[PDB]
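Chains as they are written, first to last, in the deposited numbering: chain F, 0 to 368; chain B, 0 to 368; chain A, 0 to 368; chain C, 0 to 368.
Number of protein chains: 4
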Amino acid sequence: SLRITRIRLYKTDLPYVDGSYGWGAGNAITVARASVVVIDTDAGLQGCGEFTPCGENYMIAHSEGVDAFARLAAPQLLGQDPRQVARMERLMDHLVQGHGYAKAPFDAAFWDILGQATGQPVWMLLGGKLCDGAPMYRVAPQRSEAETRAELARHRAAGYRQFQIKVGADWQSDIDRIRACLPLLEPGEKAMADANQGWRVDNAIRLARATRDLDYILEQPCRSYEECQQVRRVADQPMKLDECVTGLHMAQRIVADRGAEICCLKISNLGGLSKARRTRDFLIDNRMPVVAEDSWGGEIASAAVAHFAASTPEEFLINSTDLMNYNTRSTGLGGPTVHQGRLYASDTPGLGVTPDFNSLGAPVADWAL
Amino acid sequence: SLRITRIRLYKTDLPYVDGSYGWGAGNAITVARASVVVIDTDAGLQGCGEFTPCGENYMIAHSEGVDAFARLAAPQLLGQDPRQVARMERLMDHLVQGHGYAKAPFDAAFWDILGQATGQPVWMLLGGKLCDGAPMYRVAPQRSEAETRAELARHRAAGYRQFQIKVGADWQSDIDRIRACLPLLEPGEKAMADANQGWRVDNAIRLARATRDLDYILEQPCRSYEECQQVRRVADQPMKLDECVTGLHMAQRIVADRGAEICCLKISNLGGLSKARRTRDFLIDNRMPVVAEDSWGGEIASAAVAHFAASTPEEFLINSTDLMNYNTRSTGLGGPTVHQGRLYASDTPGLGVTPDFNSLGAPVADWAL
Amino acid sequence: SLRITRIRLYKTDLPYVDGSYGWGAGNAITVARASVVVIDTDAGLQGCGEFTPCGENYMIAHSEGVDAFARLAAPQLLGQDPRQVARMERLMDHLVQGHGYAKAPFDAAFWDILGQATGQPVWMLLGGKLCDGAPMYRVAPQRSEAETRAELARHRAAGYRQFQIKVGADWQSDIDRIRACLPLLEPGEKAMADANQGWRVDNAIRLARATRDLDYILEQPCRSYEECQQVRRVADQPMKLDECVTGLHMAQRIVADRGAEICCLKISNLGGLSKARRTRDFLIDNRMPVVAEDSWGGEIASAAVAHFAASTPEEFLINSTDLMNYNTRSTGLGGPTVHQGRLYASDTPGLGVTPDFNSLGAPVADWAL
Amino acid sequence: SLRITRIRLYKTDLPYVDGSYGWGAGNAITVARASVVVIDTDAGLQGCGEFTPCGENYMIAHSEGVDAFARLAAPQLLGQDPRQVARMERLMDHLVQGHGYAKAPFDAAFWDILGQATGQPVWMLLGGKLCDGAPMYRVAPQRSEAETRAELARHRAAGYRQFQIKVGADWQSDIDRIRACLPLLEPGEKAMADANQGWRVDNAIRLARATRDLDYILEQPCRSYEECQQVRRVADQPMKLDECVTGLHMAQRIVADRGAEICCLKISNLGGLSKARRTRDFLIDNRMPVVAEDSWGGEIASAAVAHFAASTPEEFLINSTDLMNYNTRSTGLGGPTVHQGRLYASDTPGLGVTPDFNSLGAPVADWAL
Ligand SMILES: [Mg+2]
Ligand SMILES: [Mg+2]
Ligand SMILES: [Mg+2]
Ligand SMILES: [Mg+2]
């Protein structure tokens, strides 16, 4: 028998590593606001979760929305059994409809507590270690042709075989970016051109027609699924859908249409690790390749990502990412590690992460039974 | 770290409690043939699982198929970590395609071992106790109409408030059998008419038109999904689909069509608890009412059923049944308990059931290292 | 009048002529396990049939399943009239649902008995000799450039005009294999790239795109039909479906969608010569090109293949294969022949084959009336 | 080895046993014009076939069309092997397109020859005796309440349990016919209202709505399939489709829509026994109830019908009919028999009928090798 005796909410800043990070149609990242949920039990077990967006207009999700949900839910979540992850899921969904991003860090703490109570890592409770090290990608580059060929060779020797070309702000120069990058990677390598919902549908098509002879992954060219499918009418490139993959309902529709070659799964865009796990399991059973990820964050959100990716079948997992190494600051102590281009989950009980209390500060809100 | 060190296959007879069990187009269960899989490990943890068909021609499943599969798979499973349920699932699926019924006892034994290794019941590893005592039904087999009135008094006495009327042997007398049964039930009580694929489409339509002024659940009127949809065109009765619900592919088709009011989920028909869980979770998310069951069997089969039912949201769980109480003989020691017409899962680690070695006899096959 | 008086089951090892057979996503048939069914009658007419899998995970079928089926069904088949193939078909399908592969050798033995009782070869009862010598293909060859050009020349000289490029284990080098083999063929000639369910959907699309300028038959690129259709969205190459063609239900779907250019018909994957003939005749009437085959096997299986091929209209028959020539051991005495790259059925009554009792050994099971 | 040496065409009058035969929207058949084909071989095996329309405007078929087909095709069939029924089918279809009704007597004669060459009845060559005595219907009656009771009592005692009401000339009084006939038959019995393509779609709907509380079979209410489907939008009655079922293509459409509860199969409307068998087997595999019959005719047409019925699975065979007993004159010697309201095929080799050369008179056309 277990009871939740306390809920606290922490908030901190996570500056970008380079200082400047561009995405989509001219968006700006410099500081990302983190929300850390800490849940305490009468047996002295404590779990932590995290939601951090990559921009406040990236998905149907913003940083102040975690506080507002917690204020309604946390008094109603006190005295309840936290290792019963699905029971907590249904209770949080009975308290407020939608708002999945805000429930996400609570759910990760519940999975963390389940892991500690069972003496097992989170990947074990998600089915086992189906992937020994998730493959990763490098977000490189932007620079000169001679510098690009050098930096790709530094990524190649480090073990990276997959590269993201960040596009979506100017379809015409994006054509030039794609055309110049692809002869610079060698035979076995993957390039994904992510527009981050950035192109208008006509301009997306012009780019597809101009790069029709080329082998790359066309990733989220437009905002809606319907615009993306309209681009797909012309585009033969393996299409990766990301921001529009908001849950099981959209996954069902992507499957019904065979509407993408890769589905990108962001844990908090799917509304928590419980819902993210169910969407991937559905997509895997329908033999759809997936990426296992979250929007942004430090060690705590990255620990959930690592366990999500390790529990994905190796045959169908395209990549994952090391979200904690995109920041100069931290949210938790521990989390996942990176070894030779691959992302590895912890094998210790729970999420393998505890809150970095000194980085976060005193809690901004607090509910004790 | 854990390894499978021994696999034993057991076979035993399970005689029916009321002599004959009339189901379908003229079939009968007097003695059902149980198949029990016992898995040993190097840490001394033992898991067990059971498949028992309710008739050898009922679904795409028969008792001798378990032996056949076990001969092919069991040497390949020795030395493997049975706690990693999804890894075993994919291993078994890599070794043979389909034949899910035969993989089902092995899958139940893994969830048993993982349960013991975590110190938790199977319902906790399936999400939590989302239902505290599954509302039960009792099947009233194909007998005379004067002696099913007394059987519905006998089953109501045992605390059941839901009754499955076995029909499907003759549409004409089945109309009479339905019309006589319905005014013999009190407020709050439900009836389902299960034809067990027995009716021809034209006859099923005739039955549906003749009983249009009545409230009962029309269950699997014909063999195929398509046939049942042809009936549904005319039949306004809530339709339960059962035998044709073979997996997630069918679940997807049923949801796309909104093709039933109830989907029955038999563990062995879905290919084990791992796959059953996922079809359950998919249907609940699409707000399809479910029944959590298996085909037939003793305490071991019933243990997996009870944990499956307990982790199903009570809002969407129509019923389950106590399979172990249909037989005069046992497969297991322990298992689930029933109290006032509700089925309760065990709260002890693992499945909460061990093999009844004295009832089972010497194993028919034994693989060790 | 005729009655089955004895059913015997034989099992034997069929080793591959060239050691190992590399198919699909990295699989190997070093030794195949043959299942031979032998049926005796009260007029002393004997029938025989064979199911042998090309890998135990190739389709929904394994070698131990025949044994399992026979144990349940054979006591019920004694005393029954084997000439009446549809009655026997019916009976089997009443005893078990699905498991068509296991029913397949029984069905072939019945067609064998009907042929002997009517004094006609099996092709005659299948409709007549609609093809005089079925075209064949060679697997060809994974070698040098000169050694390939020379080995294709000797197969060409021997009468072969069609070649199978075995692919499916590595999309990237599979591109190279297709690109290197096509300029080595001359122009009346046909290449089929069989991935054997090997590719992930995205990689199959990459391959199809990189070889869009090339004329070849793209064969079963992915596991499921839906995945193959997703590849077909992009690939203009004639598509051959094979392992997903499991029955009439699927053929209807394929025809409705116009979803392939060639349908590959494996006798045992269709559930026997009775269901294979009906699926064949359905596709032919809808003007779909067909291949007439089976999974694997000796002379007994090949005899069923040859008569199946001989009764396929020449205009729509793509090829067949000499399965008996892939092994170093025999299941049968007699069987079909190969002349100038073409497969010829026997013209003597029945299947044209008797069991090689010296090779088969002691029967593993024997039921007598 | 066998060769067609001689083809003869005969023509004869078959007067209706009860004067005039009222069907559809104002049609009457008093004398039907039979076309009998007689095929001789070099081994002295003779085969016969028959097509007789029930009215020249009944289906896409008339009596004079057999002559026309024969004059074009018969010189091209001399020297051919008649036992190879699919080779003959495909030769005919190569010589002319469509006109299957005219090919139908030739097809029957080839099945006759094959049965003689193999020493087996045609039902054996169509799979076996899957129905022992096909159930029959009586087209009765059409008169007063006192006279209908006496007529249904003699039919009941004679074994009949199924009754056709000939309607379709006046929807308004067809409502009254249905309404007055249905309560004059007991629990087990059945009744089909055959409008024989006769109602206009709005009138068919008015009839459907007026009788929406009644248990009968709505048979071919309108001419086209689409008109029938429009009626079916409103009509919950089991729908029987007949004249519009012209072949496999239409049977595929019917299956896809699940657009009927019974399909009526007329051998000559399907283009002969070969296509008729393939269409039936397809519908039975899709679990559609069928009627096995033909348009009209004497002992030769009825022999083919009885063999067609006998090889239809009894679970799915609704009824058949004794065509020879509707006429006062003969086309053949032998044919099927009737006992206790069931139609029985012959067990002797071939069709079980020879041409009644004395009734047929001089051959109208004669082709010799
Ligand atoms: Mg992205
Ligand atoms: Mg049921
Ligand atoms: Mg193939
Ligand atoms: Mg009719």
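Yeah, the Cβ is synthetic: ideal placement off N, Cα and C, and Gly gets one too.
- Pairing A133 of chain A with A300 of chain A, the inter-Cα distance amounts to about 16 angstroms.
- The continuous alpha helix (DSSP H) containing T147 of chain A extends over residues 145 to 156.
- In this structure, ligand 2 has a non-hydrogen atom nearer than 8 angstroms to the beta-carbon of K239 of chain B.
- Judged by beta-carbon spacing, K274 of chain F lies within the 9 angstroms limit of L247 of chain F, meaning their Cβ atoms are closer than that value.
- In terms of side-chain proximity, the C-beta atom of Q219 of chain B is found nearer than 8 angstroms to a non-hydrogen atom of ligand 2.
- The three-state reading of DSSP puts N285 of chain A in coil, since its state is none of H, G, I, E or B.
- Residue burial annotation: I216 of chain A is buried, with at least 16 other C-beta atoms found within 10 angstroms of its C-beta.
- Restricting attention to C:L359, C:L342, C:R176, C:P74, the CA atom closest to the CA of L332 of chain C is found in C:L359.
- Between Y15 of chain B and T29 of chain B the beta-carbon gap is near 6 angstroms, inside 8 angstroms, which marks them as a contact.
- Taking 9 angstroms as the CB threshold, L247 of chain B lines the interface with chain F.
- Note that the C-beta distance between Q196 of chain B and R232 of chain B is not below 9 angstroms.
- Rounded to the nearest whole angstrom, the C-alpha separation of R277 of chain A and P220 of chain F is 47 angstroms.
- Within chain B, no C-beta atom comes less than 9 angstroms from the C-beta of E218 of chain C; the nearest is roughly 12 angstroms away.
- Considering only beta carbons, the part of the segment 73 to 95 of chain A lying closer than 7 angstroms to chain B consists of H93, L94, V95, in chain order.
- Taking 9 angstroms as the cut-off, the beta carbon of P104 of chain F is found closer than this to the beta carbon of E49 of chain F.
- Taking every protein chain shown into account, the CB of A67 of chain B has 16 or more other CB atoms within 10 angstroms, so this residue is buried.
- By alpha-carbon distance to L269 of chain A, the top candidate from A:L181, A:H98, A:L13, A:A69 is A:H98.
- For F281 of chain F, the neighbours in chain B by C-beta distance under 7 angstroms run, in chain order, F281.
- Placement of the Cβ of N26 of chain C at a distance of 8 angstroms or more from every heavy atom of ligand 4 is found.
- In this structure, the straight-line span from the alpha carbon of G25 of chain F to that of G54 of chain F is close to 12 angstroms.
- Among the residues of chain B, none has a CB under 8 angstroms from the CB of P335 of chain C; the nearest is roughly 25 angstroms distant.
- Runs of the alpha helix (DSSP H) lying entirely within the segment 25 to 53 of chain F, each at least 4 residues long, are absent.
- Closer than 9 angstroms at the C-beta level to chain F, one finds no residue of the segment 179 to 190 of chain A.
- Collapsing the DSSP output to three states places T353 of chain C in a strand.
- By the beta-carbon neighbour count (other beta carbons within 10 angstroms, threshold 16), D111 of chain A is buried.
- For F307 of chain A, the closest of A:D280, A:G296, A:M287 by C-alpha to C-alpha distance is A:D280.
- With its beta carbon less than 9 angstroms from one in chain A, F315 of chain F belongs to the interface.
- Proximity of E242 of chain A to chain F, defined by a Cβ-Cβ separation below 9 angstroms, is not satisfied.
- Contact between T336 of chain F and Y343 of chain F is confirmed by a C-beta separation of about 5 angstroms, below the 8 angstroms threshold.
- When the Cα atoms are used, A194 of chain A and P237 of chain A turn out to be separated by approximately 14 angstroms.
- Annotation for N318 of chain A: no alpha helix (DSSP H) segment contains it, though the beta strand (DSSP E) segment containing it runs 316 to 319.
- Inter-segment contact for the segment 350 to 368 of chain C and the segment 308 to 327 of chain C is absent: fewer than three beta-carbon pairs are separated by less than 8 angstroms.
- Contact between the segment 151 to 171 of chain B and the segment 115 to 130 of chain F is not established, with fewer than three Cβ pairs separated by less than 8 angstroms.
- Judged by DSSP secondary structure, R341 of chain B falls within the beta strand (DSSP E) whose first and last residues are 341 to 343.
- If you check the CB distance, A203 of chain C and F162 of chain C do not come in under 9 angstroms.
- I3 of chain B carries a strand assignment under DSSP once its states are collapsed to helix, strand and coil.
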